[PDB]
Each structure stands twice: as structure tokens, then as C-alpha cells.
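Structure file final_26.cif; described as mmCIF, C-alpha atoms and all ligand atoms.
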data_query
loop_
_atom_site.label_atom_id
_atom_site.label_comp_id
_atom_site.auth_asym_id
_atom_site.auth_seq_id
_atom_site.Cartn_x
_atom_site.Cartn_y
_atom_site.Cartn_z
CA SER B 1 -34.29 134.96 43.74
CA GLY B 2 -34.09 137.20 46.87
CA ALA B 3 -32.19 140.09 48.53
CA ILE B 4 -31.46 141.79 51.96
CA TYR B 5 -32.47 145.46 52.25
CA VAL B 6 -30.49 147.13 55.06
CA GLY B 7 -30.25 150.95 55.11
CA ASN B 8 -28.91 152.16 51.76
CA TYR B 9 -27.69 148.68 50.78
CA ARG B 10 -29.06 145.78 48.77
CA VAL B 11 -27.37 142.37 49.39
CA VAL B 12 -27.81 139.74 46.66
CA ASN B 13 -26.06 136.53 45.45
CA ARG B 14 -23.20 137.70 43.19
CA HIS B 15 -24.18 135.23 40.40
CA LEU B 16 -27.76 136.64 40.35
CA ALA B 17 -26.75 140.40 40.37
CA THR B 18 -28.40 142.78 37.82
CA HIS B 19 -26.92 145.60 35.59
CA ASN B 20 -28.21 148.14 38.20
CA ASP B 21 -26.33 146.26 40.96
CA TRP B 22 -23.01 146.47 39.03
CA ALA B 23 -23.53 150.16 38.05
CA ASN B 24 -24.12 151.04 41.79
CA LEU B 25 -21.56 148.50 43.21
CA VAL B 26 -20.33 148.98 46.83
CA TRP B 27 -18.48 145.62 47.39
CA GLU B 28 -18.40 142.14 45.76
CA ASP B 29 -16.66 138.79 46.51
CA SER B 30 -16.90 135.76 44.09
CA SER B 31 -15.38 133.51 46.78
CA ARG B 32 -18.47 134.31 49.01
CA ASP B 33 -21.07 134.67 46.15
CA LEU B 34 -22.01 138.10 47.60
CA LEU B 35 -22.50 141.46 45.99
CA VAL B 36 -23.69 144.64 47.74
CA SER B 37 -25.09 147.57 45.75
CA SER B 38 -26.38 151.02 46.85
CA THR B 39 -30.08 152.12 47.04
CA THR B 40 -31.97 155.45 47.24
CA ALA B 41 -34.79 154.07 49.45
CA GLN B 42 -34.03 153.11 53.09
CA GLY B 43 -34.31 149.40 54.02
CA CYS B 44 -35.29 148.09 57.46
CA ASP B 45 -33.90 144.52 57.67
CA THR B 46 -32.04 143.97 60.94
CA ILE B 47 -28.76 142.09 60.50
CA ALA B 48 -27.90 139.69 63.36
CA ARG B 49 -24.56 140.10 65.19
CA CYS B 50 -24.18 136.66 66.89
CA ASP B 51 -22.78 133.05 66.64
CA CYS B 52 -26.27 131.37 66.43
CA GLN B 53 -26.38 127.90 64.92
CA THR B 54 -30.21 127.47 64.74
CA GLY B 55 -32.60 129.57 62.72
CA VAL B 56 -35.37 129.63 60.06
CA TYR B 57 -34.93 129.92 56.27
CA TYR B 58 -37.32 130.65 53.35
CA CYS B 59 -37.59 127.89 50.71
CA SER B 60 -39.19 129.35 47.50
CA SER B 61 -39.37 125.85 45.89
CA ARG B 62 -41.81 124.78 48.67
CA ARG B 63 -43.24 128.33 49.47
CA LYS B 64 -42.45 127.44 53.15
CA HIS B 65 -40.19 128.50 56.01
CA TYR B 66 -38.13 125.74 57.62
CA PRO B 67 -36.36 125.57 61.00
CA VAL B 68 -32.70 124.41 60.68
CA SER B 69 -29.43 123.77 62.60
CA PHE B 70 -26.49 125.13 60.68
CA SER B 71 -22.69 124.93 60.82
CA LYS B 72 -20.13 127.70 61.60
CA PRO B 73 -19.09 129.81 58.55
CA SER B 74 -16.31 127.98 56.73
CA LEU B 75 -14.44 127.20 53.40
CA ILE B 76 -16.47 124.49 51.67
CA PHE B 77 -15.86 123.03 48.19
CA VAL B 78 -18.66 123.72 45.64
CA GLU B 79 -18.92 121.81 42.30
CA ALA B 80 -18.79 123.71 38.93
CA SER B 81 -21.76 125.65 37.40
CA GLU B 82 -22.58 128.10 34.53
CA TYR B 83 -21.59 130.92 36.98
CA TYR B 84 -18.40 129.63 38.65
CA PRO B 85 -15.68 127.00 38.13
CA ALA B 86 -15.08 124.27 40.80
CA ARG B 87 -13.77 126.03 43.98
CA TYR B 88 -13.96 126.53 47.80
CA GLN B 89 -16.57 129.12 48.77
CA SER B 90 -15.72 130.97 52.02
CA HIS B 91 -18.10 132.09 54.83
CA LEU B 92 -20.55 129.25 53.89
CA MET B 93 -22.87 127.47 56.43
CA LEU B 94 -24.52 124.08 55.82
CA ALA B 95 -27.83 122.67 57.08
CA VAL B 96 -29.92 119.53 56.51
CA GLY B 97 -32.90 120.79 54.51
CA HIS B 98 -34.57 121.02 51.12
CA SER B 99 -33.25 123.31 48.32
CA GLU B 100 -33.20 123.14 44.47
CA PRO B 101 -32.12 125.53 41.56
CA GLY B 102 -34.16 128.71 42.04
CA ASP B 103 -33.83 128.79 45.85
CA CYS B 104 -30.78 131.16 46.09
CA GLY B 105 -31.68 134.44 47.83
CA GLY B 106 -34.00 132.97 50.48
CA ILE B 107 -33.32 134.59 53.84
CA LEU B 108 -31.98 132.67 56.92
CA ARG B 109 -33.03 134.38 60.20
CA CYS B 110 -32.46 133.84 63.91
CA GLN B 111 -34.02 135.70 66.95
CA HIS B 112 -31.36 138.44 66.40
CA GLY B 113 -32.22 139.09 62.73
CA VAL B 114 -30.85 138.28 59.23
CA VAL B 115 -28.03 135.68 59.32
CA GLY B 116 -27.51 135.17 55.56
CA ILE B 117 -28.99 134.05 52.21
CA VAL B 118 -29.37 130.67 50.39
CA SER B 119 -26.33 130.28 48.11
CA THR B 120 -25.74 126.49 47.50
CA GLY B 121 -27.61 123.16 47.93
CA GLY B 122 -28.11 119.55 46.90
CA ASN B 123 -28.06 116.00 48.35
CA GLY B 124 -30.62 116.87 51.07
CA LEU B 125 -28.43 119.85 52.16
CA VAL B 126 -28.69 123.67 51.93
CA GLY B 127 -25.83 126.20 52.05
CA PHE B 128 -26.08 129.88 53.20
CA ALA B 129 -23.78 132.80 52.54
CA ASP B 130 -23.15 134.37 55.97
CA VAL B 131 -23.47 138.21 56.36
CA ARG B 132 -23.01 138.62 60.17
CA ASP B 133 -19.31 139.64 59.86
CA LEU B 134 -20.21 142.58 57.49
CA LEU B 135 -20.33 145.21 60.29
CA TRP B 136 -20.28 148.14 57.75
CA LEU B 137 -23.80 147.22 56.52
CA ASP B 138 -25.10 149.13 59.64
CA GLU B 139 -23.00 152.29 59.17
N1 LIG T 201 -22.83 129.35 45.16
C1 LIG T 201 -22.74 128.70 44.01
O1 LIG T 201 -21.68 128.61 43.38
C2 LIG T 201 -24.02 128.06 43.50
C3 LIG T 201 -24.48 128.73 42.20
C4 LIG T 201 -25.83 128.17 41.74
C5 LIG T 201 -25.79 126.65 41.61
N2 LIG T 201 -25.23 126.01 42.81
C6 LIG T 201 -25.80 124.97 43.47
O2 LIG T 201 -25.76 124.90 44.69
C7 LIG T 201 -26.46 123.84 42.68
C8 LIG T 201 -27.89 123.64 43.15
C9 LIG T 201 -28.52 124.82 43.48
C10 LIG T 201 -29.40 124.91 44.54
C11 LIG T 201 -29.52 126.20 45.25
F1 LIG T 201 -30.08 127.12 44.48
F2 LIG T 201 -30.16 126.11 46.41
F3 LIG T 201 -28.33 126.70 45.53
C12 LIG T 201 -29.84 123.73 45.11
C13 LIG T 201 -29.36 122.51 44.65
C14 LIG T 201 -28.38 122.43 43.67
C15 LIG T 201 -28.09 121.01 43.21
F4 LIG T 201 -28.43 120.07 44.12
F5 LIG T 201 -28.89 120.63 42.19
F6 LIG T 201 -26.77 120.80 42.92
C16 LIG T 201 -23.94 126.55 43.24
ZN ZN T 202 -28.64 135.11 66.47
#

Whole structure given in C-alpha cells:
Amino acid sequence: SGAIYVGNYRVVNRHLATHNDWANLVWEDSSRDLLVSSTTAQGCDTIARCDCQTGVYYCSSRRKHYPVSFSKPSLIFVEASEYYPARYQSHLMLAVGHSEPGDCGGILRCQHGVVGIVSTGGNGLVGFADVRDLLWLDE
């Protein structure tokens, strides 16, 4: 569980989205596991606009923040689940670090702000859905 609150937008994992999220839908992409819905209250998360490859992510399964090195956003294959069939997820960044079911939604941050959210994991690895290319989140 977890979301990004920037201006009048809420950013969540698409597979974790609520009824409210779908009834107030702005944009969604299954191939990125992202969904953006509208909000009445104003959010103050700063989204990073950079090509950083080091940052810090929140791991709810350990109740701890962890520093990580992470790869450039790319098309990576992701095994089947009760939410999606086997497929390549786009805009995904990998890091060596702990994650287990229940960790999706944890924020990855760099010195410039929010980079993305936990979206995949397993085998001593963690995957993040990048949000830095979504320039419209700020306007
Ligand atoms: N983006 C997807 O299609 C996800 C959907 C949920 C499930 N997805 C996973 O990665 C599986 C899983 C979840 C987690 C996460 F929550 F950190 F992701 C950690 C580990 C694992 C593991 F190791 F058991 F396979 C794909
Ligand atoms: Zn940065």
C-alpha cells in the first residue's frame, strides 16, 4: 500500500486502485502498473525531474528506509499474478534490496524529490514504477 500526492493528483499502483480512483480517473497504463486519479485536497509531494540512479525507498515489510542504486527505466519481463498475465512492464527500474507482497506503493526518493513507487520484487531485487517522465503531474 502507498500513493503519491502531487497537486490535485493521486498516483497509485494500477493493480491496487480503489473504486474512487476509477470514478475520478485522469490516466492509467497497465503496461506501467500506474493509475492517476483526481483529488479535491492539494498535495505537496515534489516530483523529481532528473536521471538519478541512487536514492532511498520505503520498505513497509521492514518498516525501514533503504538506500539503493537503481537502473534506467526500461521494459522488463514480469511473471504472472492474480492482477496481470505474464508480460513486459515498461518504465520499470530495478535495485538490489528487500521487498515482499505488500510492499507495492512505497516511495523511492532522490535529493530532487519523488522518483517512483515500488511495483515489483523478488529474488533479492526490488522494482519501481518511474514517474519522472510524467511532466503533466505539475501542471
Ligand atoms: N507489477 C506487477 O505486475 C506486480 C503485481 C504484484 C505482484 N508482483 C510481484 O512483484 C511479486 C512479488 C511482489 C513483491 C512486491 F510487492 F514488492 F512487488 C515482492 C516480491 C514478489 C515475489 F518475490 F514474491 F515474487 C508483480
Ligand atoms: Zn534526482

Non-local contacts of residue 30 in chain B (9 Å; all atoms listed in the file; under 2 positions in same chain excluded) as JSON, numbers by chain: {"B": [14, 15, 28, 32, 33, 34, 35, 84, 89]}

Write out, as CSV, each residue of chain B that has an atom at most 6 Å from ligand LIG 201 (chain T), together with the closest pair of atoms and their distance in Å to one decimal, counting all atoms listed in the file, rows going by chain and rising number.
residue,atom,partner,partner_atom,distance
B:33,CA,T:LIG201,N1,5.7
B:81,CA,T:LIG201,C5,5.9
B:84,CA,T:LIG201,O1,5.8
B:99,CA,T:LIG201,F2,4.6
B:100,CA,T:LIG201,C12,3.5
B:101,CA,T:LIG201,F1,3.9
B:102,CA,T:LIG201,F1,5.0
B:103,CA,T:LIG201,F1,4.3
B:104,CA,T:LIG201,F1,4.4
B:119,CA,T:LIG201,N1,4.7
B:120,CA,T:LIG201,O2,3.2
B:121,CA,T:LIG201,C12,3.6
B:122,CA,T:LIG201,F4,2.8
B:123,CA,T:LIG201,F4,5.9

Counting all atoms listed in the file, which residues of range 17-89 of chain B sit at most 9 Å from some atom of range 130-139 of chain B, and what is each one's closest atom pair with its distance in Å to one decimal, listed by chain and rising residue number, as JSON lines?
{"residue": "B:32", "atom": "CA", "partner": "B:130", "partner_atom": "CA", "distance": 8.4}
{"residue": "B:34", "atom": "CA", "partner": "B:131", "partner_atom": "CA", "distance": 8.9}
{"residue": "B:46", "atom": "CA", "partner": "B:138", "partner_atom": "CA", "distance": 8.7}
{"residue": "B:47", "atom": "CA", "partner": "B:132", "partner_atom": "CA", "distance": 6.7}
{"residue": "B:48", "atom": "CA", "partner": "B:132", "partner_atom": "CA", "distance": 5.9}
{"residue": "B:49", "atom": "CA", "partner": "B:132", "partner_atom": "CA", "distance": 5.5}
{"residue": "B:50", "atom": "CA", "partner": "B:132", "partner_atom": "CA", "distance": 7.1}
{"residue": "B:51", "atom": "CA", "partner": "B:132", "partner_atom": "CA", "distance": 8.5}
{"residue": "B:73", "atom": "CA", "partner": "B:130", "partner_atom": "CA", "distance": 6.6}

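For ligand ZN 202 (chain T), the protein and nucleic acid residues at most 9 Å away, judged by all atoms listed in the file, amount to residues 48, 49, 50, 51, 52, 53, 54, 55, 109, 110, 111, 112, 113, 114 and 115 of chain B.
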
Atom-to-atom span, CA of residue 106 in chain B and CA of residue 59 in chain B, Å: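 Computing the Euclidean distance for CA of residue 106 in chain B and CA of residue 59 in chain B yields 6.2 Å.
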
Atomic distance CA of residue 23 in chain B - CA of residue 92 in chain B, expressed in Å with one decimal: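 Interatomic distance here is 26.4 Å.
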
Gap from CA of residue 75 in chain B to CA of residue 129 in chain B - Å, one decimal: 10.9 Å

Option closest in space to residue 74 in chain B, from B:10, B:98, B:19, B:91 [counting all atoms listed in the file]: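 Using all atoms listed in the file, the shortest distance to residue 74 in chain B belongs to B:91.
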
Size and centre in Å, one decimal, axis-aligned box, all listed range 33-42 of chain B atoms plus 5 Å per side, as lines of an AutoDock Vina configuration file:
center_x = -27.9
center_y = 145.1
center_z = 49.4
size_x = 23.7
size_y = 30.8
size_z = 17.3

Best match for closeness to residue 108 in chain B among B:90, B:69, B:20, B:38, counting all atoms listed in the file: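 Looking only at the distances to residue 108 in chain B, the closest residue turns out to be B:69.
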
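Proximity of B:87, B:97, B:6, B:16 to residue 62 in chain B, computed with only C-alpha atoms, is greatest for B:97.
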
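Using only C-alpha atoms, the shortest contact distance between residue 96 in chain B and any of B:12, B:76, B:126, B:118 is found at B:126.
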